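First up is the structure itself, then whatever we jot down about it.
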Amino acid sequence: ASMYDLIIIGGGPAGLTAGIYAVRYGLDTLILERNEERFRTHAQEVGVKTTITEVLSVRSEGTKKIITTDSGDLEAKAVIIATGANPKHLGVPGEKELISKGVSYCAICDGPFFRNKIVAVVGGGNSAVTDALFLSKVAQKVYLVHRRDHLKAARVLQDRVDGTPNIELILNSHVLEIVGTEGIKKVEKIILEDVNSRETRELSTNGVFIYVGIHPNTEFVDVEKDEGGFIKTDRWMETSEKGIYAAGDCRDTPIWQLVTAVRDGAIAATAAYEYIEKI
Amino acid sequence: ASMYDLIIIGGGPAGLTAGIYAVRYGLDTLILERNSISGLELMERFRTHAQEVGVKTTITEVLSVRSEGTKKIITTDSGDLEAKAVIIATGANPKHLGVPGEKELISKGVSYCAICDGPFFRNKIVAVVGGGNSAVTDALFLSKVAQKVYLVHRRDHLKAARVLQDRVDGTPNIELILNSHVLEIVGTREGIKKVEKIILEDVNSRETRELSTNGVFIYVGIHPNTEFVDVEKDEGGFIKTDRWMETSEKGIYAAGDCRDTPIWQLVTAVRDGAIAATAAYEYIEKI
């Protein structure tokens with residue numbers, strides 16, 4: 001093979017939707033997935049080709065796109081970036097180890113588990129503060145920990161945080177380690193350090209929620225992006241390089257706007273179709 | 001018992017999510033029911049997941065909701081219900097044209113989502129009824145795959161943004177038909193039952209015109225199912241809320257499309273339901 005009409009990078013909701021549409025449009029398409037819902041099986045049924053590999057780079061020459069993977073170079077007329085995004089990590093001991101065992105990056109998903117429990121939120125932006133306020137509705141107490149001398153969130157949210165009794169705001173503080181229990185292995189405490197006095201502090205917590213930014217997986221593409229790595233596109237998901245599109249969390253969308261992976265995927269596939277049938 | 005902690009009106013994604021969360025919060029909750037576009041069975045999963053969780057569902061019709069000292073009275077055709085908190089999750093539906101053949105040919109050529117049905121109308125003829133950003137955007141969308149697109153609007157000009165109108169201007173395979181009103185959608189007499197034609201009428205000259213079309217996409221507004229509640233709304237009838245999904249009535253919340261919401265996507269609906277349940281929980285405990 002080697003040559004294809006369309007190559008979709010990412011096997012998330014955006015990519016899978018793009019693949020299904022493209023196949024129904026009758027395009028020769030391949031999805032590149034880094035590792036293995038129903039969506040997946042559903043896609044396979046439609047007749048999507050998927051290959052477990054990793055993309056290292058993507059270059060465009062003469063109306064052709066060169067995708068270099070560990071398996072070898074691949075060629076395509078059009079490309080869809082659907083690589084999503086990941087939460088930025090604290091990079092401290094116990095974070096990766098206690099994930100799904102007290103450490104989390106979604107406060108709304110784990111709300112009920114921490115009812116009447118003690119909880120810590122790390123971050124200073126609207127996300128950290130919003131979810132600290134959220135968790136305060138259900139948790140006994142919430143520690144909001146930030147490394148700077150002030151919060152970066154909007155004044156309106158900061159005022160609400162001051163308002164709430166059961167939120168304790170700890171500024172000028174950075175996390176040294178998340179320590180867990182004696183089975184079951186779950187979060188038990190966190191060690192803090194004052195950024196100025198180097199003084200240590202131990203806080204008993206049942207959970208730790210981390211909100212220190214989001215990282216879009218777009219380092220391998222050289223299209224136009226915003227300050228943060230999110231790919232800029234038009235209403236048809238087209239990037240700054242004609243023939244290349246982007247869909248899902250890896251794309252540059254306004255804050256108020258939440259996930260629209262399926263819509264982005266659907267549109268990206270038909271915009272690509274229009275592009276292919278013209279070349 | 002006629003008394004509950006929380007009552008959720010609507011068994012959609014938002015309501016079912018709210019119910020699941022609420023049960024996990026340990027509240028006595030009941031759902032009132034009447035009776036993802038990639039094509040999947042995810043709605044039933046919510047119900048099963050729900051049943052397993054332990055949420056209560058009853059089939060009934062709600063007529064009104066009034067507050068009487070932090071107590072919420074839900075009056076149904078079956079009788080009055082009592083609750084400490086209420087969540088409105090009744091969703092919304094696209095407005096219909098109200099012409100012959102529309103209801104009969106739904107899922108057989110008539111649709112309200114062009115993005116959902118894109119691949120089916122590849123190399124086919126298509127008609128879009130409407131004049132707003134949605135109708136024009138989806139007309140442009142369909143022109144990328146369809147042979148021909150009729151963009152039909154009843155007014156003398158389009159209400160959509162200029163950038164979208166300029167695009168519609170060429171784009172050779174879109175024909176813009178203004179001052180035009182749909183009289184009927186007619187289906188095939190022979191063969192598989194599908195849309196075959198649409199009858200148009202010029203609003204000014206009363207001249208009629210037949211158009212052969214394989215599909216009709218309708219965009220003439222969205223209707224939130226919120227006439228049975230007397231909380232604060234916009235001219236839409238969309239229920240106004242704060243960040244925590246709370247309505248103008250303390251103790252009453254709203255989630256999903258029935259609410260005044262930036263996005264109508266499923267994830268948002270689930271998110272609204274989750275948040276609404278925890279906001280209600282906080283309200284119930286505090287009092």
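Following the order of the structure tokens, first chain is A, next is B, and so on, with residues numbered from 1 inside each chain and ligands from 1 in the order they appear.
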
Got a sec to pull out which chain A residues are within 6 Å of chain B, counting only C-alpha atoms, and send them as a VMD selection string? chain A and resid 24 to 25 112 137 274

Store the residues picked out above, limited to C-alpha atoms, as a compact mmCIF listing (two decimals), in the first residue's frame.
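File written: out07.txt
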```
# COMPACT_ATOMS: atom_id res chain seq x y z
CA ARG A 24 -18.61 5.96 3.71
CA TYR A 25 -17.44 8.70 1.33
CA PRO A 112 -19.41 11.33 44.56
CA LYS A 137 -20.11 21.37 47.42
CA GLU A 274 -13.94 17.91 -1.20
```

Can you tell me, as a ChimeraX atom specification, which residues in region 66-95 of chain B count as strand (DSSP E) by DSSP? /B:66-67,72-76,79-88,92-94

Nearby residues (only C-alpha atoms) at most 9 Å from residue 74 (chain B), same-chain spacing under 4 positions excluded, as a CSV table (one decimal) with C-alpha atoms, in the first residue's frame:
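This is the output file out_39.csv:
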```
chain,number,residue,atom,x,y,z
B,7,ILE,CA,-37.0,14.6,41.3
B,62,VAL,CA,-45.7,16.8,34.4
B,63,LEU,CA,-48.2,19.7,34.2
B,64,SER,CA,-46.5,22.2,36.5
B,65,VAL,CA,-44.1,22.8,39.4
B,66,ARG,CA,-44.6,25.2,42.3
B,79,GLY,CA,-51.2,12.9,41.0
B,80,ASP,CA,-49.0,15.3,43.0
B,81,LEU,CA,-45.4,14.6,43.9
B,82,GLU,CA,-43.2,16.1,46.6
B,83,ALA,CA,-39.5,16.8,46.6
B,86,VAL,CA,-36.0,19.4,41.1
```

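Within the 7 Å cut-off around residue 211 (chain B), using only C-alpha atoms and omitting residues fewer than 4 positions from it on the same chain, the listed residues are residues 197, 198 and 199 of chain B.
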
Distance query residue 221 (chain A) at most 8 Å, only C-alpha atoms, self and fewer than 3 positions along chain excluded, as a list in words: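 Those residues are residues 57, 58, 59 and 218 of chain A.
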
Would you give me, as a Markdown table, each residue of region 148-239 of chain B having an atom within 9 Å of an atom of region 103-109 of chain B, along with its shortest atom pair and that distance in Å to one decimal, using only C-alpha atoms and sorting by chain and residue number?
```
| residue | atom | partner | partner_atom | distance |
| --- | --- | --- | --- | --- |
| B:185 | CA | B:105 | CA | 8.0 |
| B:186 | CA | B:105 | CA | 8.3 |
| B:187 | CA | B:105 | CA | 7.0 |
| B:193 | CA | B:108 | CA | 6.9 |
| B:194 | CA | B:108 | CA | 4.8 |
| B:195 | CA | B:109 | CA | 4.9 |
| B:196 | CA | B:109 | CA | 8.4 |
| B:213 | CA | B:109 | CA | 8.9 |
| B:214 | CA | B:109 | CA | 6.2 |
| B:215 | CA | B:109 | CA | 4.3 |
| B:216 | CA | B:109 | CA | 6.1 |
| B:217 | CA | B:109 | CA | 8.3 |
```

I want to know what sits within 10 Å of region 95-111 of chain A, based on only C-alpha atoms, with residues of the same chain fewer than 3 positions away left out; could you give that as a PyMOL selection string? (chain A and resi 86-92+114-115+119-122+127-128+130-132+134-139+177-180+184-188+205-212) or (chain B and resi 21+24-25+271+274-275+278)

Expressed in Å, the length from CA of residue 224 (chain B) to CA of residue 93 (chain B) is 6.5 Å

Quick one, how far is CA of residue 93 (chain A) from CA of residue 142 (chain A)?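 One can read the CA of residue 93 (chain A) to CA of residue 142 (chain A) distance as 21.3 Å.
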
Who sits within 10 Å of residue 32 (chain B), only C-alpha atoms, same chain under 3 positions skipped, as a list in words: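 Listing them by chain and then by number gives residues 7, 8, 9, 10, 11, 15, 35, 56, 57, 58, 59, 60, 61, 62, 76, 89 and 90 of chain B.
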
Report the distance between CA of residue 78 (chain A) and CA of residue 169 (chain B) in Å, rounded to one decimal place. 26.1 Å

Quick one: DSSP alpha helix (DSSP H) residues in region 64-182 of chain A, as a list in words?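 After running DSSP on the backbone, region 64-182 of chain A has alpha helix (DSSP H) at residues 126, 127, 128, 129, 130, 131, 132, 133, 134, 135, 136, 155, 156, 157, 158, 159, 160, 161, 162 and 163 of chain A.
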